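Only one chain comes next, encoded as structure tokens, the form deposited in one PDB entry.
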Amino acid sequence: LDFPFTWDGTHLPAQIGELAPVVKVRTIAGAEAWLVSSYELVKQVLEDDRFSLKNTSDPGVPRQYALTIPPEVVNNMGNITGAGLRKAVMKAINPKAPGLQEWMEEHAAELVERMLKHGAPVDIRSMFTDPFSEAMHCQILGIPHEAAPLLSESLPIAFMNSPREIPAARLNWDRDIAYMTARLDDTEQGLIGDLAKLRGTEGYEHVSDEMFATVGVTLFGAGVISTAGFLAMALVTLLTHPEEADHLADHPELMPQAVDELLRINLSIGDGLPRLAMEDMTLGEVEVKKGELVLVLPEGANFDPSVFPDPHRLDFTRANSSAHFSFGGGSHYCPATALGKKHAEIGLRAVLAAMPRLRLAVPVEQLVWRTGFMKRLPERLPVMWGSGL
């Protein structure tokens, strides 16, 4: 059995309902892995640090797909440490930072006004989900918003899931590190301004300029692809459930709970969350050997009908929506869940408040699904909307 199963994000792959909780798969890099897909066993793996994320990038171990970050930088990740580093990052991704909610509300409103000026149809990825995600990451890093197009150009290659090394990935990595290194010298605000303040002070002698830049580049990359991927596929969910989208547009007070259910039902994760077994361990009816690759499948857990009865139904009032695994779990639980949810709430409210009776402008089977990539994503998402308010 080959993994992944399909790049089509219109509905849960048929294969998910056919998997045993743990099954042997062949990865894109050609290695063997244990695919874990029940809620109980996804929870088990994610909450047990003997399943190691850090060790999945060790030289020689079985791989899901090729590294896209240069191996010498990957190998130096464990040395990027400091009370002030963790502090700087936690502060930058806090959605309560003064001005940030106001900035996101204005920028979302402006992007939606440009779609309305253009008229239907528009590609809501290129006119909204992408620029709204890219600009917010420029805002929290403290760099100019004109960086968004330069840095974003790397991302369709940087998050590829390739069987082989990707030459473009190194060229783009070096170009992005150079840009972020330059910003350490001229940036006074946000994550980069904070990192510049630590550089050449006590406790930070062990952090190179390259290592400071690495924090900027990887946080920009991770944040932008997670938020732009989620928001595109949250719109795909809403555009395949038009009567629910119409209901949410009329009941904006629902938006906090709606985002939890959109996260639970979301199909943007195109791979598995990798972990390396650091000991012999039992996982349900399977015996995992030390050094074996485990692939956690969030969509398996999230559509497990023993936890989420009627899992294919989009139900904004679903009581346990917030128990999903779309932000992972355990030690590596997304640190930016507060910001990802607030960003989605603001973006989706701006779209639904201004574009009445929002509809797919093409038959759902005429969407073009990105292949060979960490996220399921439609290449374009053409939409139309009715008149008036």
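Take the two forms, superpose them, and find the largest set of C-alpha atoms that agree within 1.5 Å; that set is the rigid core. Start at 1 with the first residue shown and count on from there.
Same protein, other form: the form deposited in another entry, not shown, and the subject of what follows.
Among the residues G284, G291, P71, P309, the single one whose Cα moves by at least 2 Å between this form and the one not shown, once the core is superposed, is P71. Superposition on the rigid core between this form and the one not shown places the CA atom of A319 less than 2 Å from its counterpart. With a cut-off of 2 Å and the rigid core superposed, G82 has a Cα displacement that reaches or exceeds the cut-off between this form and the one not shown. Cα-Cα spacing of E165 to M77 is enlarged in the other form versus the present form (difference of at least 3 Å). By 3 Å or more, the C-alpha separation between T187 and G82 grows in the other form relative to the form shown here.
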